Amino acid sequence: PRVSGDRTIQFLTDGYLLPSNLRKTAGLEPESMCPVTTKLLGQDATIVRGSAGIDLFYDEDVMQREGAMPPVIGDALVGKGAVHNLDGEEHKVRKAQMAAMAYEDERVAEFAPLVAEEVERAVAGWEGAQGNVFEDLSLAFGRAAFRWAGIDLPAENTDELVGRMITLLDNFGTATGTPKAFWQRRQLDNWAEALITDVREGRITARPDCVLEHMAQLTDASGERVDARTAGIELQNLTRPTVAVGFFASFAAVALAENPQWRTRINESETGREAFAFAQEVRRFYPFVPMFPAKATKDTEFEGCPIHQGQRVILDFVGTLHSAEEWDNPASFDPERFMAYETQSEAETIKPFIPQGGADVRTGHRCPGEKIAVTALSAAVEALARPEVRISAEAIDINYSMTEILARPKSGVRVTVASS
């Protein structure tokens, strides 16, 4: 199944609709698990979804990541030289040092009280006032992330830097926004490089064993220290993605307005299980990652389709999270599908549940921040569900576009907290 012509522009105009549009244009039936091949940026690109597509995408014998992401996205979103671009042993060594910070249960347990504290502070600012879920909880997450990482700055400096990360996250994916994203990337990179260099030269003392200290000590596979700008880029890769949970927190507010019986179950629970399952179904249901790219390292073959060395393989995330072959009633928002699960570690066993990637965190490229993200999103869900929180139901607060990346309600979701 091919679609003719170069569809680079159609990737921009369709956003999250691109993979299902191309499958339709190729003549596949709805719910087909057949690959579809198009041309993107001058080369073939084969879009796959579902469990067999996950296995291909994460097979590092045949897939590499270097060069797979277009730099206009990647250089702005993750920075040059980031772990996302690395392959083989250099990737393994870099990923081990970053997963040691984000994915270890002891460090996640350090983050939990910080994000609960910052979320409660944001929600307190809504009392009798006009709040914004996306802007205010993204800022709360960023404040928690900076304190968690040991980035110790005056309050106004932290807020300004988190503000830059929000502006970057809110703009990297459109033609109008990309110069704004690249400007923020340069300022943030300059800031993080100077902070890393300050720690390495003794001008700033990091808390022992904190994330900032471990990023200043970042080394490569030969044993040499990674240059200071790249280490600052990796420090951002352990704080900016936490700010980005604000997108999921916006959707969670929409979902609580739309599911009042689940909201009641959360408010009446003492276990946290409903809020956890609700947070997971927000990540399953709502669009965040549209798709993700890799490049073939050698000629191979997937379900009768030839894969040429150098071409892209694109894992369709929306189509995997919404596949009728992988999920019962995938168009239904239904937290019951996660109610039997207790932790994010247990949720990893669900093979098509890949909102932040698939396969294994330490041996592959899968996101090492899912425990952090579910912790932050769960804290948001619990606070948003409380009955004094009044979530606006107007069309600009509740609806969101599927043709723009990243997606969120246009208003950010307006909220207020009832006060006497």
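Each residue number is its position in the shown sequence, starting from 1.
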Where do the C-alpha atoms have the higher mean temperature factor in this entry, in 276 to 284 or in 172 to 180?
172 to 180
Would 53 to 61 or 34 to 42 have the larger average of its C-alpha temperature factors, as given in the entry?
34 to 42
When you compare the CA B-factors of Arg94, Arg312, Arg200, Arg240 as listed in the entry, which one comes out on top?
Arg200
When the entry's CA B-factors for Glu258, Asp316, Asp136, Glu224 are compared, the highest one belongs to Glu224
Splitting the chain's C-alpha B-factors into thirds, which one does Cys367 fall into?
lowest
Split the chain's modelled residues into thirds by Cα B-factor; is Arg337 in the lowest, middle or highest one?
middle
Third of chain Cα B-factors occupied by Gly150
highest
Grab the CA temperature factor for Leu22 from the record and place it in the lowest, middle or highest third of its chain.
highest
Please place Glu118 in the lowest, middle or highest third of its chain according to the CA B-factor in the PDB entry.
lowest
